[PDB]
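my_file15.cif, holding mmCIF, N, CA, C and O atoms:
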```cif
data_model
#
loop_
_atom_site.label_atom_id
_atom_site.label_comp_id
_atom_site.auth_asym_id
_atom_site.auth_seq_id
_atom_site.Cartn_x
_atom_site.Cartn_y
_atom_site.Cartn_z
N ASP H 92 88.36 80.78 79.25
CA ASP H 92 89.68 80.26 78.89
C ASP H 92 90.58 80.27 80.12
O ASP H 92 90.75 81.31 80.76
N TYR H 93 91.15 79.11 80.45
CA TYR H 93 91.93 78.99 81.68
C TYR H 93 93.23 79.80 81.59
O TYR H 93 93.64 80.40 82.59
N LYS H 94 93.89 79.79 80.43
CA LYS H 94 95.16 80.51 80.32
C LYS H 94 94.96 82.00 80.56
O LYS H 94 95.76 82.64 81.25
N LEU H 95 93.89 82.56 80.00
CA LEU H 95 93.58 83.97 80.23
C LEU H 95 93.37 84.25 81.71
O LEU H 95 93.83 85.28 82.24
N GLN H 96 92.68 83.35 82.41
CA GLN H 96 92.41 83.58 83.82
C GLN H 96 93.70 83.53 84.63
O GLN H 96 93.88 84.34 85.55
N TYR H 97 94.59 82.59 84.32
CA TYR H 97 95.87 82.57 85.03
C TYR H 97 96.61 83.88 84.82
O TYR H 97 97.19 84.43 85.76
N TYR H 98 96.58 84.39 83.59
CA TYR H 98 97.30 85.63 83.30
C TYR H 98 96.66 86.81 84.03
O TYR H 98 97.32 87.54 84.78
N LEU H 99 95.36 87.01 83.84
CA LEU H 99 94.71 88.19 84.42
C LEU H 99 94.62 88.10 85.95
O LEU H 99 94.54 89.13 86.63
N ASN H 100 94.61 86.88 86.50
CA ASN H 100 94.64 86.76 87.96
C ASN H 100 95.87 87.45 88.54
O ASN H 100 95.78 88.11 89.59
N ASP H 101 97.01 87.34 87.87
CA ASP H 101 98.22 88.00 88.34
C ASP H 101 98.07 89.52 88.23
O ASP H 101 98.54 90.26 89.11
N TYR H 102 97.47 89.99 87.14
CA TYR H 102 97.26 91.42 86.97
C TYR H 102 96.32 91.96 88.04
O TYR H 102 96.58 93.00 88.65
N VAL H 103 95.19 91.28 88.25
CA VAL H 103 94.24 91.73 89.26
C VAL H 103 94.88 91.74 90.64
O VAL H 103 94.68 92.68 91.42
N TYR H 104 95.66 90.71 90.96
CA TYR H 104 96.36 90.68 92.23
C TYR H 104 97.27 91.90 92.38
O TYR H 104 97.24 92.59 93.40
N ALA H 105 98.07 92.19 91.35
CA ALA H 105 98.95 93.34 91.41
C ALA H 105 98.15 94.63 91.58
O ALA H 105 98.50 95.49 92.39
N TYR H 106 97.06 94.76 90.82
CA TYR H 106 96.32 96.01 90.86
C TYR H 106 95.81 96.31 92.26
O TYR H 106 95.85 97.46 92.71
N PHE H 107 95.35 95.29 92.97
CA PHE H 107 94.64 95.49 94.23
C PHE H 107 95.50 95.18 95.45
O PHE H 107 94.97 94.95 96.53
N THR H 108 96.82 95.23 95.30
CA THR H 108 97.71 95.03 96.44
C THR H 108 98.80 96.10 96.50
O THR H 108 99.94 95.81 96.85
N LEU H 109 98.46 97.34 96.18
CA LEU H 109 99.42 98.42 96.36
C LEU H 109 99.85 98.46 97.83
O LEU H 109 99.00 98.47 98.72
N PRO H 110 101.15 98.48 98.12
CA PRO H 110 101.61 98.50 99.51
C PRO H 110 101.53 99.90 100.11
O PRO H 110 101.29 100.89 99.42
N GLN H 111 101.74 99.96 101.43
CA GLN H 111 101.74 101.25 102.11
C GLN H 111 103.10 101.93 102.02
O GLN H 111 103.17 103.17 102.01
N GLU H 112 104.17 101.15 101.96
CA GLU H 112 105.51 101.71 101.98
C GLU H 112 105.84 102.39 100.66
O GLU H 112 105.75 101.78 99.60
N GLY H 113 106.24 103.66 100.75
CA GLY H 113 106.47 104.44 99.54
C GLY H 113 107.52 103.83 98.63
O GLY H 113 107.37 103.84 97.41
N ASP H 114 108.60 103.30 99.21
CA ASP H 114 109.65 102.75 98.34
C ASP H 114 109.16 101.49 97.63
O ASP H 114 109.43 101.30 96.44
N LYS H 115 108.39 100.64 98.33
CA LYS H 115 107.81 99.47 97.67
C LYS H 115 106.79 99.89 96.62
O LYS H 115 106.69 99.26 95.56
N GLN H 116 106.04 100.96 96.89
CA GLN H 116 105.03 101.42 95.94
C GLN H 116 105.65 101.73 94.58
O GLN H 116 105.07 101.42 93.53
N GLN H 117 106.80 102.41 94.56
CA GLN H 117 107.42 102.77 93.29
C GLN H 117 107.68 101.53 92.45
O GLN H 117 107.40 101.51 91.25
N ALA H 118 108.19 100.48 93.09
CA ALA H 118 108.48 99.24 92.39
C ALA H 118 107.21 98.49 92.01
O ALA H 118 107.14 97.85 90.95
N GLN H 119 106.19 98.54 92.88
CA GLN H 119 104.96 97.81 92.60
C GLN H 119 104.22 98.43 91.42
O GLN H 119 103.60 97.71 90.63
N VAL H 120 104.26 99.75 91.30
CA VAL H 120 103.70 100.41 90.13
C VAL H 120 104.41 99.94 88.87
O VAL H 120 103.78 99.65 87.85
N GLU H 121 105.74 99.85 88.93
CA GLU H 121 106.49 99.36 87.78
C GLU H 121 106.11 97.92 87.45
O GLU H 121 106.03 97.55 86.27
N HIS H 122 105.87 97.11 88.47
CA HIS H 122 105.45 95.73 88.23
C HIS H 122 104.08 95.68 87.57
O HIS H 122 103.87 94.95 86.59
N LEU H 123 103.12 96.43 88.11
CA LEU H 123 101.81 96.49 87.47
C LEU H 123 101.94 96.94 86.02
O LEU H 123 101.31 96.37 85.12
N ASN H 124 102.76 97.96 85.77
CA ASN H 124 102.92 98.48 84.42
C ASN H 124 103.53 97.45 83.47
O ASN H 124 103.38 97.59 82.25
N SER H 125 104.21 96.43 84.00
CA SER H 125 104.82 95.43 83.14
C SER H 125 103.77 94.60 82.40
O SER H 125 104.11 93.95 81.41
N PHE H 126 102.52 94.63 82.85
CA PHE H 126 101.46 93.89 82.17
C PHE H 126 100.96 94.60 80.92
O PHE H 126 100.44 93.93 80.01
N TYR H 127 101.15 95.91 80.83
CA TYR H 127 100.73 96.67 79.65
C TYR H 127 101.78 96.54 78.55
O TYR H 127 102.95 96.26 78.80
N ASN H 128 101.36 96.78 77.30
CA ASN H 128 102.29 96.91 76.19
C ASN H 128 102.61 98.37 75.89
O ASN H 128 103.07 98.69 74.79
N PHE H 129 102.38 99.24 76.86
CA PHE H 129 102.72 100.65 76.78
C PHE H 129 103.10 101.10 78.19
O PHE H 129 102.86 100.39 79.16
N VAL H 130 103.67 102.30 78.29
CA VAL H 130 104.03 102.89 79.58
C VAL H 130 102.97 103.91 79.94
O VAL H 130 102.83 104.92 79.24
N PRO H 131 102.18 103.70 81.00
CA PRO H 131 101.10 104.65 81.30
C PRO H 131 101.62 106.06 81.53
O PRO H 131 102.70 106.27 82.10
N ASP H 132 100.86 107.03 81.02
CA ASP H 132 101.05 108.45 81.33
C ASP H 132 100.40 108.78 82.66
O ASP H 132 99.24 108.43 82.87
N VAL H 133 101.12 109.47 83.53
CA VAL H 133 100.51 109.98 84.76
C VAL H 133 99.81 111.30 84.44
O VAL H 133 98.58 111.37 84.39
N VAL H 139 93.82 106.72 90.30
CA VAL H 139 95.02 106.59 91.12
C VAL H 139 94.77 105.53 92.18
O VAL H 139 93.76 105.59 92.89
N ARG H 140 95.68 104.57 92.32
CA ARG H 140 95.49 103.47 93.26
C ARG H 140 95.87 103.89 94.68
O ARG H 140 96.76 104.71 94.89
N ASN H 141 95.15 103.32 95.65
CA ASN H 141 95.42 103.48 97.07
C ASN H 141 95.86 102.14 97.66
O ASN H 141 95.57 101.09 97.08
N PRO H 142 96.55 102.14 98.80
CA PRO H 142 96.95 100.87 99.41
C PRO H 142 95.75 99.96 99.61
O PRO H 142 94.68 100.40 100.04
N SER H 143 95.93 98.67 99.29
CA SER H 143 94.80 97.76 99.25
C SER H 143 95.27 96.33 99.50
O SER H 143 96.45 96.00 99.36
N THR H 144 94.31 95.49 99.85
CA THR H 144 94.49 94.05 99.93
C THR H 144 93.37 93.40 99.14
O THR H 144 92.21 93.82 99.24
N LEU H 145 93.71 92.38 98.36
CA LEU H 145 92.73 91.63 97.58
C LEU H 145 92.13 90.54 98.44
O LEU H 145 92.86 89.75 99.05
N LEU H 146 90.80 90.49 98.49
CA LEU H 146 90.08 89.48 99.24
C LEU H 146 89.57 88.35 98.36
O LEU H 146 89.64 87.18 98.75
N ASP H 147 89.05 88.69 97.19
CA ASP H 147 88.53 87.68 96.28
C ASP H 147 88.39 88.29 94.90
O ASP H 147 88.11 89.49 94.76
N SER H 148 88.59 87.47 93.88
CA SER H 148 88.35 87.88 92.51
C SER H 148 87.77 86.71 91.73
O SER H 148 88.10 85.54 91.98
N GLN H 149 86.92 87.04 90.77
CA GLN H 149 86.13 86.06 90.03
C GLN H 149 85.91 86.62 88.64
O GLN H 149 85.35 87.70 88.49
N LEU H 150 86.42 85.91 87.63
CA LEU H 150 86.14 86.30 86.26
C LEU H 150 84.68 86.00 85.97
O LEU H 150 84.24 84.85 86.06
N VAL H 151 83.92 87.04 85.63
CA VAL H 151 82.49 86.90 85.41
C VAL H 151 82.17 86.71 83.93
O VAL H 151 81.40 85.82 83.57
N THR H 152 82.73 87.54 83.06
CA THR H 152 82.44 87.42 81.64
C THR H 152 83.63 87.90 80.83
O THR H 152 84.46 88.68 81.31
N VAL H 153 83.71 87.42 79.60
CA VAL H 153 84.65 87.92 78.60
C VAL H 153 83.84 88.24 77.35
O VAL H 153 83.22 87.34 76.78
N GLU H 154 83.81 89.51 76.97
CA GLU H 154 83.10 89.95 75.77
C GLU H 154 84.09 90.61 74.83
O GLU H 154 84.67 91.65 75.17
N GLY H 155 84.25 90.03 73.64
CA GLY H 155 85.31 90.47 72.75
C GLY H 155 86.65 90.31 73.44
O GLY H 155 87.04 89.20 73.84
N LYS H 156 87.34 91.43 73.62
CA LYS H 156 88.66 91.45 74.24
C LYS H 156 88.64 92.28 75.52
O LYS H 156 89.59 93.00 75.83
N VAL H 157 87.54 92.19 76.27
CA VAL H 157 87.40 92.82 77.57
C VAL H 157 86.95 91.76 78.56
O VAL H 157 85.88 91.16 78.39
N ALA H 158 87.76 91.52 79.58
CA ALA H 158 87.44 90.62 80.68
C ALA H 158 86.85 91.43 81.82
O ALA H 158 87.40 92.46 82.20
N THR H 159 85.72 90.98 82.35
CA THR H 159 85.07 91.64 83.46
C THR H 159 85.16 90.75 84.69
O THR H 159 84.65 89.62 84.69
N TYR H 160 85.82 91.25 85.73
CA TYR H 160 85.96 90.58 87.01
C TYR H 160 85.00 91.21 88.02
O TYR H 160 84.62 92.38 87.91
N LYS H 161 84.62 90.41 89.01
CA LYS H 161 84.04 90.90 90.26
C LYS H 161 85.14 90.81 91.30
O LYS H 161 85.69 89.73 91.54
N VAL H 162 85.51 91.95 91.89
CA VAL H 162 86.65 92.04 92.79
C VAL H 162 86.17 92.49 94.16
O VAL H 162 85.44 93.48 94.28
N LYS H 163 86.57 91.75 95.19
CA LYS H 163 86.35 92.12 96.58
C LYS H 163 87.71 92.46 97.19
O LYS H 163 88.64 91.66 97.11
N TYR H 164 87.82 93.66 97.74
CA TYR H 164 89.08 94.16 98.26
C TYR H 164 88.79 95.03 99.47
O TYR H 164 87.64 95.37 99.75
N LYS H 165 89.84 95.39 100.20
CA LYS H 165 89.69 96.31 101.31
C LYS H 165 90.83 97.32 101.29
O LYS H 165 91.99 96.97 101.06
N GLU H 166 90.47 98.58 101.51
CA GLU H 166 91.42 99.62 101.80
C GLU H 166 91.72 99.56 103.29
O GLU H 166 91.23 98.68 104.01
N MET H 167 92.56 100.47 103.77
CA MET H 167 92.81 100.59 105.20
C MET H 167 92.56 102.03 105.62
O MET H 167 93.46 102.87 105.67
N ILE H 168 91.29 102.32 105.91
CA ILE H 168 90.90 103.67 106.31
C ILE H 168 90.11 103.57 107.62
O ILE H 168 89.79 104.58 108.24
N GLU H 176 87.11 97.11 109.23
CA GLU H 176 87.52 97.46 107.88
C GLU H 176 86.45 97.02 106.88
O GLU H 176 86.12 95.83 106.81
N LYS H 177 85.92 97.97 106.12
CA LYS H 177 84.84 97.65 105.20
C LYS H 177 85.38 96.92 103.98
O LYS H 177 86.41 97.28 103.41
N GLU H 178 84.68 95.86 103.59
CA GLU H 178 84.98 95.15 102.37
C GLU H 178 84.27 95.81 101.20
O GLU H 178 83.05 96.02 101.24
N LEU H 179 85.03 96.13 100.16
CA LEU H 179 84.53 96.78 98.96
C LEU H 179 84.38 95.74 97.86
O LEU H 179 85.15 94.77 97.80
N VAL H 180 83.37 95.91 97.02
CA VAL H 180 83.15 95.02 95.89
C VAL H 180 82.90 95.86 94.65
O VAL H 180 82.08 96.79 94.68
N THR H 181 83.59 95.54 93.56
CA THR H 181 83.40 96.28 92.33
C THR H 181 83.54 95.37 91.12
O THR H 181 84.21 94.33 91.17
N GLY H 182 82.87 95.77 90.04
CA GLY H 182 83.25 95.28 88.73
C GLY H 182 84.53 95.93 88.26
O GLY H 182 84.82 97.09 88.56
N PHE H 183 85.33 95.16 87.53
CA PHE H 183 86.68 95.54 87.12
C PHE H 183 86.86 95.04 85.70
O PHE H 183 86.85 93.82 85.47
N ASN H 184 87.01 95.96 84.76
CA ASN H 184 86.99 95.64 83.34
C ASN H 184 88.38 95.83 82.76
O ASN H 184 88.95 96.93 82.84
N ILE H 185 88.92 94.78 82.14
CA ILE H 185 90.30 94.73 81.69
C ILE H 185 90.32 94.47 80.19
O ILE H 185 89.98 93.37 79.75
N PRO H 186 90.77 95.42 79.36
CA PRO H 186 90.99 95.12 77.95
C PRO H 186 92.31 94.37 77.77
O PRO H 186 93.32 94.68 78.40
N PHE H 187 92.28 93.36 76.90
CA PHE H 187 93.46 92.54 76.71
C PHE H 187 93.61 92.15 75.25
O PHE H 187 92.67 92.27 74.46
N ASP H 188 94.80 91.69 74.90
CA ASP H 188 95.05 91.11 73.60
C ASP H 188 96.19 90.12 73.74
O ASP H 188 96.63 89.80 74.85
N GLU H 189 96.68 89.63 72.60
CA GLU H 189 97.69 88.59 72.55
C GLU H 189 98.68 88.95 71.45
O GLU H 189 98.28 89.44 70.39
N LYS H 190 99.96 88.75 71.73
CA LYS H 190 101.02 88.92 70.75
C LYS H 190 101.91 87.70 70.85
O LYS H 190 102.35 87.33 71.95
N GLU H 191 102.15 87.04 69.71
CA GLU H 191 103.03 85.88 69.66
C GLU H 191 102.70 84.90 70.78
O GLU H 191 103.58 84.39 71.49
N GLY H 192 101.40 84.65 70.96
CA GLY H 192 100.98 83.59 71.86
C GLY H 192 100.98 83.93 73.33
O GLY H 192 100.88 83.02 74.16
N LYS H 193 101.08 85.21 73.69
CA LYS H 193 101.11 85.62 75.08
C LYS H 193 100.19 86.82 75.29
O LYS H 193 100.22 87.77 74.51
N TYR H 194 99.41 86.76 76.36
CA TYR H 194 98.47 87.82 76.66
C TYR H 194 99.18 89.06 77.18
O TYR H 194 100.25 89.00 77.79
N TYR H 195 98.57 90.22 76.92
CA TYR H 195 98.98 91.46 77.55
C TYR H 195 97.73 92.29 77.81
O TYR H 195 96.67 92.05 77.23
N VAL H 196 97.85 93.25 78.71
CA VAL H 196 96.77 94.18 79.01
C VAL H 196 96.93 95.39 78.09
O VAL H 196 98.00 96.01 78.05
N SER H 197 95.88 95.71 77.33
CA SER H 197 96.00 96.61 76.20
C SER H 197 95.55 98.03 76.50
O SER H 197 95.66 98.90 75.63
N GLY H 198 95.02 98.27 77.69
CA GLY H 198 94.63 99.61 78.08
C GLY H 198 94.37 99.63 79.57
O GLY H 198 94.28 98.58 80.21
N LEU H 199 94.27 100.83 80.12
CA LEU H 199 94.04 100.92 81.55
C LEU H 199 92.63 100.45 81.87
O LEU H 199 91.69 100.72 81.11
N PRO H 200 92.45 99.72 82.97
CA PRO H 200 91.13 99.16 83.28
C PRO H 200 90.16 100.23 83.75
O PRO H 200 90.54 101.36 84.06
N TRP H 201 88.89 99.84 83.81
CA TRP H 201 87.85 100.73 84.32
C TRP H 201 86.91 99.96 85.23
O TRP H 201 86.76 98.74 85.14
N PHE H 202 86.29 100.71 86.13
CA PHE H 202 85.41 100.14 87.13
C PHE H 202 83.96 100.24 86.70
O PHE H 202 83.58 101.11 85.92
N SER H 203 83.16 99.31 87.20
CA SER H 203 81.74 99.26 86.94
C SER H 203 81.06 98.72 88.19
O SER H 203 81.71 98.20 89.10
N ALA H 204 79.75 98.88 88.25
CA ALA H 204 78.98 98.50 89.43
C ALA H 204 79.27 97.05 89.81
O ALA H 204 79.57 96.75 90.96
#
```

Translate this structure into structure tokens?
Amino acid sequence: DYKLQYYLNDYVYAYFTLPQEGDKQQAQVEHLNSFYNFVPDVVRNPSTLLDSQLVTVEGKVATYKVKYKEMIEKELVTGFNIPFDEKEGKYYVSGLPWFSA
């Protein structure tokens, strides 16, 4: 579904672009949290997104293949699983994501 991909593309971008600057980080966390329909209870490291590709959608879990890099440059690749739902015609992220091979 194209609409789902447009929506989750923004979420994936936010997730994998935590900045280095502490003051920007506080706001970026709040921006990422805006995709959830809940406020997370209190970990991401500074990152840049290189590529993302929606691989499968099973039920209400979208699985992406994400290529990103930290700054510690090795390119990292992971599966990234996002639970989602819809309210009044608009998608939201329904739980914190999890990583897979």

Find the axis-aligned box for range 144-157 of chain H, covering all its listed atoms and adding 8 Å on each side, and write its centre and edge lengths in Å to one decimal as lines of an AutoDock Vina configuration file.
```
center_x = 87.9
center_y = 90.2
center_z = 86.3
size_x = 29.1
size_y = 26.6
size_z = 43.2
```

At a cut-off of 8 Å, using only C-alpha atoms, what residues contact range 92-107 of chain H? Leave out same-chain residues fewer than 2 positions from it and give the result as a ChimeraX atom specification.
/H:109,119,122-123,126,140,142-145,148,150,164,194

Can you turn the PyMOL selection byres ((chain H and resi 159) around 4.5) into a concrete residue list for this file, as a list in words?
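On this input, the PyMOL selection byres ((chain H and resi 159) around 4.5) captures residues 149, 150, 151, 152, 157, 158, 160, 161, 183 and 184 of chain H.
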
Would you put the residues from that selection into a file with N, CA, C and O atoms, as an mmCIF file, in the coordinates of the input?
```cif
data_model
loop_
_atom_site.group_PDB
_atom_site.id
_atom_site.type_symbol
_atom_site.label_atom_id
_atom_site.label_comp_id
_atom_site.auth_asym_id
_atom_site.auth_seq_id
_atom_site.Cartn_x
_atom_site.Cartn_y
_atom_site.Cartn_z
ATOM 1 N N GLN H 149 86.920 87.040 90.770
ATOM 2 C CA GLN H 149 86.130 86.060 90.030
ATOM 3 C C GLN H 149 85.910 86.620 88.640
ATOM 4 O O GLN H 149 85.350 87.700 88.490
ATOM 5 N N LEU H 150 86.420 85.910 87.630
ATOM 6 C CA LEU H 150 86.140 86.300 86.260
ATOM 7 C C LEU H 150 84.680 86.000 85.970
ATOM 8 O O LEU H 150 84.240 84.850 86.060
ATOM 9 N N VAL H 151 83.920 87.040 85.630
ATOM 10 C CA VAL H 151 82.490 86.900 85.410
ATOM 11 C C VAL H 151 82.170 86.710 83.930
ATOM 12 O O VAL H 151 81.400 85.820 83.570
ATOM 13 N N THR H 152 82.730 87.540 83.060
ATOM 14 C CA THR H 152 82.440 87.420 81.640
ATOM 15 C C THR H 152 83.630 87.900 80.830
ATOM 16 O O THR H 152 84.460 88.680 81.310
ATOM 17 N N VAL H 157 87.540 92.190 76.270
ATOM 18 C CA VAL H 157 87.400 92.820 77.570
ATOM 19 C C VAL H 157 86.950 91.760 78.560
ATOM 20 O O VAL H 157 85.880 91.160 78.390
ATOM 21 N N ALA H 158 87.760 91.520 79.580
ATOM 22 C CA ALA H 158 87.440 90.620 80.680
ATOM 23 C C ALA H 158 86.850 91.430 81.820
ATOM 24 O O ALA H 158 87.400 92.460 82.200
ATOM 25 N N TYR H 160 85.820 91.250 85.730
ATOM 26 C CA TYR H 160 85.960 90.580 87.010
ATOM 27 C C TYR H 160 85.000 91.210 88.020
ATOM 28 O O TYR H 160 84.620 92.380 87.910
ATOM 29 N N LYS H 161 84.620 90.410 89.010
ATOM 30 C CA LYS H 161 84.040 90.900 90.260
ATOM 31 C C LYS H 161 85.140 90.810 91.300
ATOM 32 O O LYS H 161 85.690 89.730 91.540
ATOM 33 N N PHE H 183 85.330 95.160 87.530
ATOM 34 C CA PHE H 183 86.680 95.540 87.120
ATOM 35 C C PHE H 183 86.860 95.040 85.700
ATOM 36 O O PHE H 183 86.850 93.820 85.470
ATOM 37 N N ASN H 184 87.010 95.960 84.760
ATOM 38 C CA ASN H 184 86.990 95.640 83.340
ATOM 39 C C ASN H 184 88.380 95.830 82.760
ATOM 40 O O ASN H 184 88.950 96.930 82.840
#
```

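Reported to one decimal place, the separation of CA of residue 162 in chain H from CA of residue 147 in chain H is 5.9 Å.
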
DSSP on the backbone, then: every residue of chain H marked alpha helix (DSSP H), written as a CSV table (one decimal) with N, CA, C and O atoms, keeping the file's coordinate frame.
```csv
chain,number,residue,atom,x,y,z
H,93,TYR,N,91.2,79.1,80.4
H,93,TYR,CA,91.9,79.0,81.7
H,93,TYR,C,93.2,79.8,81.6
H,93,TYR,O,93.6,80.4,82.6
H,94,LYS,N,93.9,79.8,80.4
H,94,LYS,CA,95.2,80.5,80.3
H,94,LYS,C,95.0,82.0,80.6
H,94,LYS,O,95.8,82.6,81.2
H,95,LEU,N,93.9,82.6,80.0
H,95,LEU,CA,93.6,84.0,80.2
H,95,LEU,C,93.4,84.2,81.7
H,95,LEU,O,93.8,85.3,82.2
H,96,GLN,N,92.7,83.4,82.4
H,96,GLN,CA,92.4,83.6,83.8
H,96,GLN,C,93.7,83.5,84.6
H,96,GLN,O,93.9,84.3,85.6
H,97,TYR,N,94.6,82.6,84.3
H,97,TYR,CA,95.9,82.6,85.0
H,97,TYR,C,96.6,83.9,84.8
H,97,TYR,O,97.2,84.4,85.8
H,98,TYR,N,96.6,84.4,83.6
H,98,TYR,CA,97.3,85.6,83.3
H,98,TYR,C,96.7,86.8,84.0
H,98,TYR,O,97.3,87.5,84.8
H,99,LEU,N,95.4,87.0,83.8
H,99,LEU,CA,94.7,88.2,84.4
H,99,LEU,C,94.6,88.1,86.0
H,99,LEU,O,94.5,89.1,86.6
H,100,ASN,N,94.6,86.9,86.5
H,100,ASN,CA,94.6,86.8,88.0
H,100,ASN,C,95.9,87.4,88.5
H,100,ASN,O,95.8,88.1,89.6
H,101,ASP,N,97.0,87.3,87.9
H,101,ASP,CA,98.2,88.0,88.3
H,101,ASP,C,98.1,89.5,88.2
H,101,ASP,O,98.5,90.3,89.1
H,102,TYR,N,97.5,90.0,87.1
H,102,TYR,CA,97.3,91.4,87.0
H,102,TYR,C,96.3,92.0,88.0
H,102,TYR,O,96.6,93.0,88.6
H,103,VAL,N,95.2,91.3,88.2
H,103,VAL,CA,94.2,91.7,89.3
H,103,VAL,C,94.9,91.7,90.6
H,103,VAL,O,94.7,92.7,91.4
H,104,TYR,N,95.7,90.7,91.0
H,104,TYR,CA,96.4,90.7,92.2
H,104,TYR,C,97.3,91.9,92.4
H,104,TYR,O,97.2,92.6,93.4
H,105,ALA,N,98.1,92.2,91.4
H,105,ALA,CA,99.0,93.3,91.4
H,105,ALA,C,98.2,94.6,91.6
H,105,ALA,O,98.5,95.5,92.4
H,106,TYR,N,97.1,94.8,90.8
H,106,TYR,CA,96.3,96.0,90.9
H,106,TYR,C,95.8,96.3,92.3
H,106,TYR,O,95.8,97.5,92.7
H,113,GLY,N,106.2,103.7,100.8
H,113,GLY,CA,106.5,104.4,99.5
H,113,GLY,C,107.5,103.8,98.6
H,113,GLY,O,107.4,103.8,97.4
H,114,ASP,N,108.6,103.3,99.2
H,114,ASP,CA,109.6,102.8,98.3
H,114,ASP,C,109.2,101.5,97.6
H,114,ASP,O,109.4,101.3,96.4
H,115,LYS,N,108.4,100.6,98.3
H,115,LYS,CA,107.8,99.5,97.7
H,115,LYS,C,106.8,99.9,96.6
H,115,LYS,O,106.7,99.3,95.6
H,116,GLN,N,106.0,101.0,96.9
H,116,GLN,CA,105.0,101.4,95.9
H,116,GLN,C,105.6,101.7,94.6
H,116,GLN,O,105.1,101.4,93.5
H,117,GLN,N,106.8,102.4,94.6
H,117,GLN,CA,107.4,102.8,93.3
H,117,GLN,C,107.7,101.5,92.4
H,117,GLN,O,107.4,101.5,91.2
H,118,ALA,N,108.2,100.5,93.1
H,118,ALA,CA,108.5,99.2,92.4
H,118,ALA,C,107.2,98.5,92.0
H,118,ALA,O,107.1,97.8,91.0
H,119,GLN,N,106.2,98.5,92.9
H,119,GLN,CA,105.0,97.8,92.6
H,119,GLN,C,104.2,98.4,91.4
H,119,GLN,O,103.6,97.7,90.6
H,120,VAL,N,104.3,99.8,91.3
H,120,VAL,CA,103.7,100.4,90.1
H,120,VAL,C,104.4,99.9,88.9
H,120,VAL,O,103.8,99.6,87.8
H,121,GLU,N,105.7,99.8,88.9
H,121,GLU,CA,106.5,99.4,87.8
H,121,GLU,C,106.1,97.9,87.4
H,121,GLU,O,106.0,97.6,86.3
H,122,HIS,N,105.9,97.1,88.5
H,122,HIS,CA,105.4,95.7,88.2
H,122,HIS,C,104.1,95.7,87.6
H,122,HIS,O,103.9,95.0,86.6
H,123,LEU,N,103.1,96.4,88.1
H,123,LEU,CA,101.8,96.5,87.5
H,123,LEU,C,101.9,96.9,86.0
H,123,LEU,O,101.3,96.4,85.1
H,124,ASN,N,102.8,98.0,85.8
H,124,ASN,CA,102.9,98.5,84.4
H,124,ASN,C,103.5,97.4,83.5
H,124,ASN,O,103.4,97.6,82.2
```

Tell me, in Å to one decimal, how far CA of residue 187 in chain H is from CA of residue 127 in chain H.
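Taking CA of residue 187 in chain H as the start and CA of residue 127 in chain H as the end point, the length is 8.9 Å.
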
If the PyMOL selection byres (((chain H and resi 111 and name CA) around 10) and name CA) is run on the structure shown, which residues does it catch, given as a list in words?
residues 108, 109, 110, 112, 113, 114, 115, 116, 141, 142, 143 and 167 of chain H

Take the residues just selected and output them with N, CA, C and O atoms as a short mmCIF file (atom, residue, chain, number, x, y, z; two decimals), in the coordinates of the input.
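Wrote it out as result.cif, contents follow:
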```
data_model
loop_
_atom_site.label_atom_id
_atom_site.label_comp_id
_atom_site.auth_asym_id
_atom_site.auth_seq_id
_atom_site.Cartn_x
_atom_site.Cartn_y
_atom_site.Cartn_z
N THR H 108 96.82 95.23 95.30
CA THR H 108 97.71 95.03 96.44
C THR H 108 98.80 96.10 96.50
O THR H 108 99.94 95.81 96.85
N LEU H 109 98.46 97.34 96.18
CA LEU H 109 99.42 98.42 96.36
C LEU H 109 99.85 98.46 97.83
O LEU H 109 99.00 98.47 98.72
N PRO H 110 101.15 98.48 98.12
CA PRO H 110 101.61 98.50 99.51
C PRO H 110 101.53 99.90 100.11
O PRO H 110 101.29 100.89 99.42
N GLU H 112 104.17 101.15 101.96
CA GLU H 112 105.51 101.71 101.98
C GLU H 112 105.84 102.39 100.66
O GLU H 112 105.75 101.78 99.60
N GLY H 113 106.24 103.66 100.75
CA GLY H 113 106.47 104.44 99.54
C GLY H 113 107.52 103.83 98.63
O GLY H 113 107.37 103.84 97.41
N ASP H 114 108.60 103.30 99.21
CA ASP H 114 109.65 102.75 98.34
C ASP H 114 109.16 101.49 97.63
O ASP H 114 109.43 101.30 96.44
N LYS H 115 108.39 100.64 98.33
CA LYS H 115 107.81 99.47 97.67
C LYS H 115 106.79 99.89 96.62
O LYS H 115 106.69 99.26 95.56
N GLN H 116 106.04 100.96 96.89
CA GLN H 116 105.03 101.42 95.94
C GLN H 116 105.65 101.73 94.58
O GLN H 116 105.07 101.42 93.53
N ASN H 141 95.15 103.32 95.65
CA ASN H 141 95.42 103.48 97.07
C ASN H 141 95.86 102.14 97.66
O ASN H 141 95.57 101.09 97.08
N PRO H 142 96.55 102.14 98.80
CA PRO H 142 96.95 100.87 99.41
C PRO H 142 95.75 99.96 99.61
O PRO H 142 94.68 100.40 100.04
N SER H 143 95.93 98.67 99.29
CA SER H 143 94.80 97.76 99.25
C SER H 143 95.27 96.33 99.50
O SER H 143 96.45 96.00 99.36
N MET H 167 92.56 100.47 103.77
CA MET H 167 92.81 100.59 105.20
C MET H 167 92.56 102.03 105.62
O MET H 167 93.46 102.87 105.67
#
```

Residues in the PyMOL selection byres ((chain H and resi 202) around 6), expressed as a ChimeraX atom specification:
/H:182-184,200-201,203-204

How many Å separate CA of residue 118 in chain H from atom O of residue 166 in chain H?
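Taking CA of residue 118 in chain H as the start and atom O of residue 166 in chain H as the end point, the length is 20.8 Å.
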